[PDB]
Amino acid sequence: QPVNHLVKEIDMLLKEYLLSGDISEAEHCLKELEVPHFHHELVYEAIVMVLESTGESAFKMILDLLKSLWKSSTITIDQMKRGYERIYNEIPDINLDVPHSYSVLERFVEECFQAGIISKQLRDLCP
């Protein structure tokens, strides 16, 4: 199974952001893909990165990235929604390979909620 080149570009963008903290670079790179109807994949990949990460740096930085991209209208309401729903669907698969993932997901969802970037009902759909 070959690497979907859009998945690969999103993964590189996210990895470069975790190094530099340059949100601007990340936002520019994302928009240049010209793939607004695939922004749910960016959301999904970013949250998976949080879940697979050790400690708190990736968690804090992806939270800040998502808040910024939502606040600049770069990620639309329904792309945010579709990304989180994918996570909600796969979290039993993820938690089996990464223990304590349900707990990291719950805290991340609550932070996004407290930031004002997700609705009450998306927060409440968290398993």
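When a residue number appears, it is its place in the shown sequence, counting from 1. What's counted below: heavy atoms across the whole structure, side chains too, no hydrogens, waters or symmetry copies.
Residue pairs meeting the salt bridge (charged side-chain N to carboxylate O under 4.0 Å, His left out) criterion with at least one member in residues 3-14, sequence neighbours excluded, are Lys8-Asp11, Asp11-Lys15. Residue pairs meeting the ring-ring contact (aromatic ring centres under 6.0 Å, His included) criterion with at least one partner in residues 47-104, sequence neighbours excluded, are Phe59-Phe108. Sorted by first and then second residue, the salt bridge (charged side-chain N to carboxylate O under 4.0 Å, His left out) pairs with a member in residues 108-127 read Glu110-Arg123; sequence neighbours excluded. The side chain to side chain donor-acceptor pair (under 3.5 Å) contacts involving residues 45-68 comprise nothing, where partners must be two or more places apart or lie in separate chains. Listed by first and then second residue, the ring-ring contact (aromatic ring centres under 6.0 Å, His included) pairs that reach into residues 25-45 are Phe38-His40, sequence neighbours excluded. A salt bridge (charged side-chain N to carboxylate O under 4.0 Å, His left out) check over residues 86-100, counting only residues at least two apart or in different chains, returns the pairs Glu41-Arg86.
No continuous path of hydrophobic side-chain contacts links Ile77 to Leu30 [ILVMFWY only; heavy atoms under 4.5 Å]. Hydrophobic clustering of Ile, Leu, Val, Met, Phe, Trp and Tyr side chains at less than 4.5 Å, counting indirect connections, keeps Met12 apart from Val48. Residues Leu14 and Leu6 share a single hydrophobic cluster, defined by chaining ILVMFWY side chains whose heavy atoms lie under 4.5 Å apart.
Take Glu25 and apply the side chain to side chain donor-acceptor pair (under 3.5 Å) test, not counting sequence neighbours, and it matches no residue. Listed by chain and residue number, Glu27 satisfy the side chain to side chain donor-acceptor pair (under 3.5 Å) test with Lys31 (two or more places apart in sequence, or in another chain). Residues satisfying the salt bridge (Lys or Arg N to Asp or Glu O under 4.0 Å) test with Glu106, not counting sequence neighbours, are none.
Distance OG1/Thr74 to CD/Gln79: 12.0 Å, rounded to 0.5 Å. The CD1 atom of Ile75 sits 6.5 Å away from atom CG of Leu65, with the distance rounded to the nearest 0.5 Å.
If you run side chain to side chain contact (heavy atoms under 4.5 Å, CB included) between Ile47 and each of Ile91, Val109, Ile87, only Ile87 comes through.
Here the shortest heavy-atom pairing between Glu85 and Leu122 reads CG-CD2, 4.3 Å. Nearest heavy-atom pair, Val43 versus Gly83, reported as atom, atom and distance to 0.1 Å: CG1-CA, 3.8 Å. In this structure, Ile10 and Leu42 approach most closely via the heavy-atom pair CG2-CA, 3.8 Å.
Contact check for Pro36 versus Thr76: no side-chain heavy atoms found under the 4.5 Å cut-off. A heavy-atom distance below 4.5 Å is found between the side chains of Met80 and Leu66. Contact check for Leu18 versus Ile62: side-chain heavy atoms found under the 4.5 Å cut-off. Under the 4.5 Å side-chain criterion, counting only non-hydrogen atoms from C-beta, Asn95 is not in contact with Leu105. At a threshold of 4.5 Å between non-hydrogen side-chain atoms, the residues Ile94 and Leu51 count as touching.
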